[PDB]
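Examination of the molecular architecture
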Amino acid sequence: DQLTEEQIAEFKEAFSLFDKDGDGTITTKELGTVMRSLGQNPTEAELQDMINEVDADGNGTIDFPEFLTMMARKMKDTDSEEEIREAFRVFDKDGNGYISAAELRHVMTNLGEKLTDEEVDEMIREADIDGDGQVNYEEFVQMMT
Amino acid sequence: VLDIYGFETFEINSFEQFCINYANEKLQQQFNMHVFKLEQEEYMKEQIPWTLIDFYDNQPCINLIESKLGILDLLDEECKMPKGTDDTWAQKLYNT
Amino acid sequence: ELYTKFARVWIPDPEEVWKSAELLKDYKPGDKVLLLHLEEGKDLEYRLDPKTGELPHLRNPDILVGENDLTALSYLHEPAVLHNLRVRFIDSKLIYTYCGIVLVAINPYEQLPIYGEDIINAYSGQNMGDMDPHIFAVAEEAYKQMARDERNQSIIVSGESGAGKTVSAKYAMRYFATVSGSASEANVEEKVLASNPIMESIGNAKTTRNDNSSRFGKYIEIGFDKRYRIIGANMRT
Amino acid sequence: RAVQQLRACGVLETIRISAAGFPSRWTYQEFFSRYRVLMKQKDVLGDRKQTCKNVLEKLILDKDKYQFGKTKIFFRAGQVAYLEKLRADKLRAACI
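The numbering scheme restarts from 1 for each chain and tracks the written sequence of that chain rather than necessarily the entry's numbering. Residues without coordinates are not displayed. Working convention: letters from A go to chains and numbers from 1 go to ligands, in the order in which they are written. Only a portion of a larger assembly is shown here, and every reported value applies to that portion alone. Only hydrogens and water are removed before side-chain values are computed, so all heavy atoms of the structure are retained for them. Residues with missing side-chain atoms are left out of burial classes, side-chain pairs and their counts.

A word on the interface of chain A and chain D. Should any heavy atoms of two residues lie within 4.5 Å, those residues are considered in contact. Counting residues at the interface gives 13 residues for chain A, matched by nine residues for chain D. Every helix listed is a DSSP run of H or I at least four residues long, and every strand listed is a run of E at least two residues long, numbered separately from the N terminus. With three residues, the top contributor of residues to the side of chain A that touches chain D is helix α5 (residues 81–89) of chain A.

Strands were regarded as paired on the criterion that DSSP finds at least two bridges between them. What the five strands build is an open sheet, ordered β4-β3-β2-β1-β5 (chain C); its pairing is antiparallel. Each edge of the sheet is formed by a strand with only one pairing partner; in this case those strands are β4 (41–47) and β5 (57–58) of chain C.

Moving on: the side chain of A:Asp92. Relative to the assigned elements, A:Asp92 resides in the loop between α5 and β3 (98–100). Within polar-contact distance, the side chain of A:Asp92 engages the backbone nitrogen of A:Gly95 at 2.8 Å. Apart from residues lying up to four places away in sequence, A:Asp92 is in contact with A:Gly97, A:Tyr98, A:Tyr137 and D:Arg36. Polar contact is defined as a pair of N or O atoms within 3.5 Å, subject to the rule that within protein one atom must be able to donate a hydrogen and the other to accept it, and that residues adjacent in sequence are counted only when both atoms are side-chain atoms.

Another point: the pattern of salt bridges. Between A:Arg85 and A:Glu138 there is a salt bridge, and its shortest N-O distance comes to 2.8 Å. Remark: A:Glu138 occurs in helix α8 (residues 138–144) and A:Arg85 occurs in helix α5; sequence separation between them is 53 residues. Where D:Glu57 meets D:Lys63, a salt bridge forms, and the shortest distance between an N and an O atom there is 2.7 Å. The rule for a salt bridge is simple: a side-chain nitrogen of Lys or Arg has to be within 4 Å of a carboxyl oxygen of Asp or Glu. Within this structure, A:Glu81, A:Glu82, A:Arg85, A:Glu86, A:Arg89, A:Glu138, D:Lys40 and D:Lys90 form a network of salt bridges that share partners.

On to the sheet that holds strand β1 (residues 2–5) of chain B, then. As summarised here, the arrangement of the four strands in space is β8(C)-β1(B)-β11(C)-β12(C), forming an open sheet in which the pairing is mixed. Each edge of the open sheet carries a strand with a single partner, namely β8 (156–159) and β12 (230–236) of chain C. Taking each pair of neighbouring strands and ignoring which way they run, the sheet shows an average axis angle of 15°. The sheet contact formed by strand β11 (residues 218–224) of chain C and β12(C) spans five bridges and is antiparallel. Paired with C:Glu221 across the strands is C:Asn234, a residue of β12(C). Comment: axis = line fitted to C-alpha atoms, over the contacting stretch for helices; angle = value between 0 and 180 degrees taken between N-to-C directions.

Residue and element names in this part refer to chain D. Relative to each other, helix α3 (residues 28–35) and helix α4 (residues 48–59) sit at 55°, their axes nearing to 9 Å. As judged from the angle between their axes, α3 and α4 are oblique. Read as a crossing pair, α3 and α4 show a hand that is left-handed. Counting all contacts with α3, which are made through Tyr 28, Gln 29, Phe 31 and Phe 32, the residues of α4 involved are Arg 48, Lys 49, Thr 51 and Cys 52. Here the word oblique covers every angle except those under 35 degrees (roughly parallel), over 145 (roughly antiparallel) and from 65 to 115 (roughly perpendicular). A clockwise turn of the near helix away from the far one marks a right-handed crossing, whereas an anticlockwise turn of less than a right angle marks a left-handed crossing.

Multiply 1.5 Å by the residue count of a helix minus one, and that product is the helix's expected span. The terminal C-alpha atoms of helix α1 (residues 78–92) of chain C, which comprises 15 residues, lie 21 Å apart, in line with the 21 Å expected from a rise of 1.5 Å per residue. With its phi angle positive at about 55°, C:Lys93 sits one or two positions after the end of α1(C).

Attention shifts here to the packing of helix α1 (residues 5–16) of chain A against helix α4 (residues 64–75) of chain A. All names here are of chain A. Relative orientation of the contacting elements α1 and α4 amounts to 120°, with a least axis distance of 11 Å. Our classification of the angle between α1 and α4 gives oblique. In this structure, α1 crosses over α4, and the sense of that crossing is right-handed. Here α1 contributes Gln 7, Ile 8, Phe 11, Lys 12 and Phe 15 to the contact with α4, which in turn contributes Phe 64, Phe 67, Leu 68, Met 71 and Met 75. Residue polarity is assigned by list, with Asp, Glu, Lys and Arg as charged and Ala, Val, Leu, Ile, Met, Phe, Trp, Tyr, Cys and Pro as nonpolar; anything else, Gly included, falls into the polar class. Considering only residue class, the contact of α1 with α4 consists of eight nonpolar, one polar and one charged.

A separate point is unusual backbone geometry. The phi angle of most residues is negative, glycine excepted, and most peptide bonds adopt the trans form. Despite not being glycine, B:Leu69 shows a phi value in the positive range, around 65°. For B:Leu69, the location among the structural elements is in the loop between α2 (59–66) and α3 (71–80). Positive phi outside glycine occurs at C:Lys93, with the angle close to 55°.

What follows deals with the UniProt feature "binding site: ATP" in chain C. Taking the UniProt record as the reference, the feature "binding site: ATP" is found at C:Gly159, C:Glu160, C:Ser161, C:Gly162, C:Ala163, C:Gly164, C:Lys165 and C:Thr166. One can find C:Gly162 in the loop between β8 and α4 (165–179). UniProt positions are given in the numbering used here, feature names are shortened, and annotations may be inferred rather than shown by experiment.

Spelled out as structure tokens, the structure:
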């Protein structure tokens, strides 16, 4: 039962990691870091526009209540399993839920705004990959939502 | 193997260019004929109605030049009329 | 309409006839002026008129540009053509390109290995689309049509005299001689090529804009027997 | 220099005339292989030709702009560029 006071307790926990002076405030510079640590998923430009709506300098601070405003703003605009499945499905050569591990690297590191060497190394160590073949993406839909 | 000059246009433009341009008009009509014919064939190969392909025709322009009362016809007609001149030739053009 | 943010468009320029720009904000009717990001500056602005429903020329997608045939493009206009020719010529050194039925040859002012006999072999027997465009592909197309149908064939070469039409004709005749297998008997090439200095001396002039301009139509009829062995040429003017 | 040469060789007007008709064209297998990006799995039927017809009339509602030949779909100017723009937009949103 989302956005009840229980869920706001872990939002205070994760916020307290970045309120290093301990006054109820965090910098704009880590706002994406805390939101994605809590597992809510904004894009880069979206986050930057949400920061620059608060300050044209971009370099500033946000108090705990208005951090909860920014969390609620993203929660109103949340994805779904079928919307994430659609994003993988345009790359499906067969139509069976599988995508090439070669073309996956092209999608991760050449197309779009891209994933870094660290993000690639971390994900590839857990995924255990040594090849370029077809691999199931319905797992990705479930596990990353 | 036919080697010929292309369309020509300069700051000062004269009879040499006029002739060259007329020859290029004729070649272009032939080129349009050839292309339009091959398109009509391809359209029938693909079963597409010929009424969709609009035919651009420069015959009205060729008629302005080579036909009776055309710019060349009035030039020859001016060459044998007594005391004809580039000015009266130009007047015939405007009048016509 | 769909003239959106990040759409690429062409704009006219004095130094290079057209320049590429990127639409910095979505267009909507009544947004009478466009914010355009240029290579020279992040924003320089261009204006549109209610008159004619005025718009800048849109640009073709990158997959289509550089193609061997200009009819493959989706937007057909001056900057797209110019760009395709510029890139193929400048970056890939490709001096030949197709437009519909026409072959476009860009004069390099330099010798190239593309006229070698191995390439003559490579083009022999091929269909038009099976190969990148080359004058031998035109020569082959004519030669195959002459064999397939009784109707005669003509190669028409047009452009300024400086563009090198003689080189195109030289290689087309050599191509015919070689694919016919006639050069073990024919001596027509040597004589036909040796005729050019006189034809240029008598039939060529200096114009206000060009030197060695050709002022007549020259027609060389390469005759063939019933087995397609070459017979010596007939010249008309 | 080159724009002038291209104008003089008639290449530009040839292209202008060509642009008034179905200038581009794609085989059914090739078109299907390119544009699956714009076909949900419930748009995909038991035939690639009928799939391409039901998809193309959904993607471009204006029935003048294209025609179905025996082996190829043919297109007016701008239509393929719109399909590739939409393809690039869909793939950009997806990879993001």
